[PDB]
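Structural overview
Okay, here's what each chain looks like letter by letter:
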Amino acid sequence: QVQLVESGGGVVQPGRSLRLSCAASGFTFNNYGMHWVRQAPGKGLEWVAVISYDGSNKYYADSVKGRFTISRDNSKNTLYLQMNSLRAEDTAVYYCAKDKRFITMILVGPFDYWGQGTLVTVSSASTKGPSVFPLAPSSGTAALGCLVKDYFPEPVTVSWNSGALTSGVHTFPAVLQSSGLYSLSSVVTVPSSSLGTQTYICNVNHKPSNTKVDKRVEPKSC
Amino acid sequence: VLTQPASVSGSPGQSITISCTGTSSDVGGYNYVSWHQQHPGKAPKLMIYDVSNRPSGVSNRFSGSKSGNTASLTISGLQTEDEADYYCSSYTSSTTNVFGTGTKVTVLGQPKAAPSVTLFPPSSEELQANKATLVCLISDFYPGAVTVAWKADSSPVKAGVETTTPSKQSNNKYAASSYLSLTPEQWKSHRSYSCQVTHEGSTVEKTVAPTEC
C-alpha cells in the first residue's frame, strides 16, 4: 500500500534552480523521516539528505550541503528538495525514501520504501548534430569503428555500409561528458584480408538535429 | 567510503557472499548496516537492515552479518532473479548516510570469457580538430562486470575518464567502452598510454604510443 511518487525533474541549465517533490501515501507520513537519494546514470547510489518527521532535524551530504535544502509539508503528505546552483555533476535520477523508524529525531536508517525516481539532467546544451571521427585498423581479425562525438540530445543510431554489414557490429551506449554533450562509439570486426579491398562506411543518424553523416573508415598511414 | 567488490558471481544453487568494508566510523561504529537490491531500470529494495534483520516478504536465503569494519550479505541457493546490483549502506560519524560502491551479482548462465581489449589512439582528423580521445573497447567477456584503469606512462590517470556500463553484444557476450579525453598537447607529451581492464580478479592491459601506428 505504501507508495512514493517523485516529480519536478527535467532539463535545467547550470546555475539555475529546481524543486523536486515526493508525494507519500499508504502510511502515516506524519510519523516518519524521509531521505533523498540520487543515482547518476549507470553509477551507484548516493545519499543526499534526510529530514525528521516534523522537520526539526535536517542533514545533508557534503556534495550538496549549502546548495540543496530539504523540507516537508505534512499537510500535503509531500517531501521537497530545493536544488540551487545546479551543476552537471548533479545529473541523476532522484529517489525519495521513507525511513523505517517510528517518531524519532535520530535518522540512522534503514531506507524502508522507495519511489520510482525522477530524472534531473543539468545541461546548458542545445540541439547539436554530431561530429564523426574514424577509428582505423592498425595493429586475422581487425576492429574498426567511428567515434560519434558531441551531439545533443539522444538518440543517435548507427549502421554500417548502409545496413549491409551486420555481423560483428556493436554500437555502444552513449557517454555524457562534462560539456553536457553525448558521445558514443560503434564497432565492427572484419577479416584483415578485406581491409585493402572492401570499403567500410558507418552511417550516423541524428534525427533531433535532422543530420545524417556517412563517414568512410580507411586504414591508417604508418 | 564503503568498499564492495565490483563483481561477485556464482553458479545457480550455490551460496555467495558480498563484503562491505567500512571504518570504525561506519560499519564498525554502529549496528545500522543495510543491504539493498536493485534490478535494472528499477528502484532499490530493502533486503536486510540493522546488520541482520529481514523485512517480511524477503526470502530467508538472504542473510546479513558483521565483523569489525566489514559487513557481509550472504545469498544461499542462488536463483536467476537474484541477479542484480547490491549496495550496502550505513550511518556514519558525520551524521550522514553512505552507500557502498555496489556489487553486480551474476548468476552464471553461460561460460566465463576473458575480455578482448582493443585500444584506439586519437585519429589524425580528431587531433587536427584540436581534440584527442583514447578509445578502449572491451568485448566478448562474461560475467558482464569490469573495472577500467588508465595510465599515462606508468602512473594512473583519473581526470577525463568515462566508462560505459557493460551490455550484451550480438553474440550474447558483454561489451563495454572507456574513454580518456585529453588535449593534443597532452597526447604528444607522454611516451605511452595504457588501458587496463580487470575481470574476475585478473587484468589485461593494452598500450598505445604516440610514435608507433
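For this deposition, the record names X-ray crystallography as the technique by which the model was determined and cites 2.3 Å as its resolution.

On to the overall build of chain B. Of regular secondary structure, chain B possesses two helices and 18 strands. By its C-alpha atoms, chain B is 60 × 45 × 25 Å across when sized along the principal axes. Residue burial in chain B is summarised as follows: out of 213 residues, 46% are buried. Restricting to contacts in chain B with at least 6 residues of sequence separation, those with at least 24 account for 58%. Entry remark: accessible area of chain B is about 9,500 Å², with carbon and sulfur atoms responsible for 46%. Counting 15 positive and 15 negative side-chain charges, chain B places the averaged centre of each group 5 Å from the other.

Time to look at the environment of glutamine 14 of chain B. Looking at the secondary structure, you find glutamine 14 of chain B in the loop between β1 (7-10) and β2 (16-21). In this structure, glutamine 14 of chain B is in contact with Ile75, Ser76, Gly77 and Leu78 of chain B, ignoring residues within four places of it in sequence.

Below, the discussion takes up the domain arrangement of chain B. Often the size quoted for an interface is simply the accessible area lost on bringing the parts together. Residues and elements named next belong to chain B. Along its sequence, chain B is carved into domain 1 (7-107) and domain 2 (116-208). Relative to domain 2, the C-alpha centre of domain 1 lies at a distance of 30 Å. The interface of domain 1 with domain 2 comprises five residues on the first partner and six residues on the second. Buried surface at the junction of domain 1 and domain 2, summed over both partners, amounts to about 410 Å²; 41% is from carbon and sulfur atoms. The largest share of the area that domain 1 buries against domain 2 comes from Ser7, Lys104 and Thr106, three residues that together contribute 75% of it. Connecting domain 1 to domain 2 are two residue pairs in polar contact. Of all elements in the fold, only β1 and β9 (103-107) reach the threshold of two or more residues within the side of domain 1 that touches domain 2.

So, on to the pattern of salt bridges. Summed over all chains, the structure comprises nine salt bridges over all chains. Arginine 61 of chain B serves as the salt-bridge partner of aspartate 82 of chain B, at 3.0 Å between the closest nitrogen and oxygen. With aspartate 82 of chain B in the loop between β6 (70-75) and β7 (84-91) and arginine 61 of chain B in the loop between β4 (45-48) and β5 (62-67), the pair connects residues that are 21 residues apart, well separated along the chain. The same class applies to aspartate 82 of chain B and to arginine 61 of chain B, which are both buried. One salt-bridge network, in which partners are shared between bridges, spans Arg38, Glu46, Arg67 and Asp90 of chain A.

Turning to the pairing of strand β3 (residues 18-25) of chain A, a few remarks are in order. Pairing of strand β1 (residues 3-7) of chain A with β3 of chain A involves five bridges; the strand directions are antiparallel. If you follow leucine 4 of chain A over to β3 of chain A, its bridge partner there is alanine 24 of chain A.

Here the focus is the sheet that holds β3 of chain A. Backbone-to-backbone hydrogen bonds join strands into a sheet, with any given pair of strands oriented parallel or antiparallel. Residues and elements named next belong to chain A. If you walk across this open sheet you meet the four strands as β1-β3-β8-β7, and the pairing is antiparallel. One side of each edge strand has no neighbouring strand; the edge strands of this open sheet are β1 and β7 (68-73). Neighbouring strand axes in the sheet, compared pairwise and without regard to direction, differ in orientation by 15° on average.

Proteins that are soluble and globular tend to have nonpolar side chains buried together. The biggest cluster of nonpolar side chains holds 40 residues, and the ones touching the most others in it are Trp36, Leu79, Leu81, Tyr94 and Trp114 of chain A. Breaking this core down by element, the ones donating at least two residues are β3, β4 (34-39), β5 (45-51), β7, β8 (78-83), β9 (92-99), β10 (111-114) and β11 (118-122) of chain A. Considering every element that reaches this core, the biggest residue donor is β5 of chain A, with six residues. Residues contacting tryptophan 114 of chain A, with those up to four places away along its chain left out, are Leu4, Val37, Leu45, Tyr95, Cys96 and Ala97 of chain A together with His36, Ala43, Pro44 and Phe99 of chain B. Counting residues in each nonpolar core, the second largest holds 23 residues, with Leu2, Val51, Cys88 and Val107 of chain B among its members.

Take the interface of chain A and chain B next. With 46 residues of chain A in contact, the opposing surface of chain B contributes 42 residues. Taken together, the two surfaces of chain A and chain B that pack against each other cover about 3,600 Å², and 64% of this comes from carbon and sulfur. Summed over the three residues of chain A that lose the most area to chain B, namely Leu45, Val108 and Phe172 of chain A, the buried surface amounts to 16% of that side. A salt bridge links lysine 215 of chain A to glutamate 125 of chain B; the shortest N-O distance between them is 2.6 Å. Linking chain A with chain B are five residue pairs in polar contact, by the criterion used here. It is strand β13 (residues 141-151) of chain A that provides the largest number of residues to the side of chain A that touches chain B, a total of four residues. Among the residues forming the side of chain A that touches chain B, the class breakdown is 27 nonpolar, 11 polar and eight charged.

Once that is clear, we can look at the domain arrangement of chain A. Residue and element names in this part refer to chain A. Domain assignment breaks chain A into domain 1 (1-124) and domain 2 (125-222). On a C-alpha basis, the centroid separation for the pair domain 1 and domain 2 is 39 Å. If you look at the interface, domain 1 gives four residues, while domain 2 gives six residues. Taken together, both faces of the contact between domain 1 and domain 2 bury some 360 Å²; the carbon and sulfur share is 49%. Counting the surface domain 1 buries against domain 2, the share from its top three residues, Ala88, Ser123 and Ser124, is 71%. Remark: the boundary between domain 1 and domain 2 carries two residue pairs in polar contact. A per-class count over the side of domain 1 that touches domain 2 returns one nonpolar, three polar and no charged.

Each value, and the rule that gives it
- Residues numbered from 1 in each chain as written, not as in the entry; some residues may be left out.
- Chains lettered and ligands numbered in written order.
- Heavy atoms only, no water.
- Helix = DSSP H or I, 4+ residues; strand = E, 2+ residues; numbered from the N terminus.
- Buried < 20%, exposed > 50% of the residue type's maximum accessible area, 1.4 Å probe, protein only.
- Contact = heavy atoms within 4.5 Å.
- Areas by Shrake-Rupley, 256 points an atom, 1.4 Å probe, with all protein chains shown as cover.
- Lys, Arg positive; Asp, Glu negative; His and termini not counted.
- Charge placed at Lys NZ, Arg CZ, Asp CG, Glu CD.
- Domains from an automatic or database assignment.
- Buried area = accessible area lost by both parts, 1.4 Å probe.
- Polar contact = N/O pair within 3.5 Å; in protein donor to acceptor, adjacent residues only side chain to side chain.
- Salt bridge = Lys/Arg side-chain N within 4 Å of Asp/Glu carboxyl O.
- Pairing = 2+ DSSP bridges.
- Axes fitted to C-alpha atoms, helices over the stretch in contact; angles between N-to-C directions.
- Core = buried A, V, L, I, M, F, W, Y, C linked by side-chain atoms within 4.5 Å.
- Nonpolar A, V, L, I, M, F, W, Y, C, P; charged D, E, K, R; others polar.

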